[PDB]
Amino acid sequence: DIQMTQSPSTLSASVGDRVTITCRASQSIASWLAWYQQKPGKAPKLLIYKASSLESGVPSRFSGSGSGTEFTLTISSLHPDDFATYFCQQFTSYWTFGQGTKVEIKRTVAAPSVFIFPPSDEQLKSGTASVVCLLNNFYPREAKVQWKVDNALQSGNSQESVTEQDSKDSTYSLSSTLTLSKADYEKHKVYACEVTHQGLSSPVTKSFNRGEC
């Protein structure tokens, strides 16, 4: 019944950096605060309990501080094993959690390779059209992908998917899928994918004409 908020929600840092995650309670919780680490597809693991007590086996580079309404989790020197999402939990008034802080690997800005794929004739025979735009090996994760049909911006007809950050090059990849009815699809000519990203000085557009691929 106490609201915990964390900041920042995403932290980008390099191996060996000192990183600091803060957690704020809406009201005093004394020292009844716990810090968890969670990696994708895995359960949360308790790192620090009652604000400052390191659990058995947790490396000493982790340390928690604070009491009342302000708490901090510090990693003295970041290891590749420490790139994960971190949650704070108060356990004095039921059990509530912060929204999480994703500590991701920092790297040079990388612009996306933009590929476009026309719908398969096999799908058109079934009466549906799906156009796919692919952004490959880009950093940061934040990217704008705008579908255009005869330069008309689309809204509500696309769905995006993004991979987890790669271990090797620490980049992301993203796919956006515009789904139309065969009859809506056969009504327009130029199908285009406009991408706005930090690594791009100007929005890049890849496009195909219906029937020309």
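Definition used throughout: the rigid core is the maximal C-alpha set that superposes within 1.5 Å between two forms. Numbers follow the displayed sequence, beginning with 1.
Taking 44-52 and 147-155 in turn, the stretch whose Cα atoms are more displaced from the shown form in 4 other deposited structures of this protein following rigid core superposition is 147-155. With every structure aligned by its rigid core, 196-204 is the stretch of 196-204 and 16-24 whose CA positions lie farther away in 4 other deposited structures of this protein.
As recorded in the PDB entry, 111-119 is the stretch of 73-81 and 111-119 with the greater mean C-alpha temperature factor. Annotation for 20-28 versus 196-204: the higher mean temperature factor (C-alpha) is found in 196-204. Within the selection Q89, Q99, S126, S93, the deposited Cα B-factor values reach their highest point at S126. In the PDB entry, the Cα temperature factor peaks, among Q37, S155, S173, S56, at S155. When the modelled residues of the chain are ordered by C-alpha B-factor, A183 sits in the highest third.
Among the modelled residues of the chain, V190 sits in the highest third by CA temperature factor in this PDB entry. Ranked by Cα temperature factor within the chain, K42 sits in the middle third according to the deposited record.
Annotation for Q165: CA B-factor lies in the middle third of the chain's modelled residues. Among all modelled residues in its chain, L135 ranks in the middle third by Cα B-factor.
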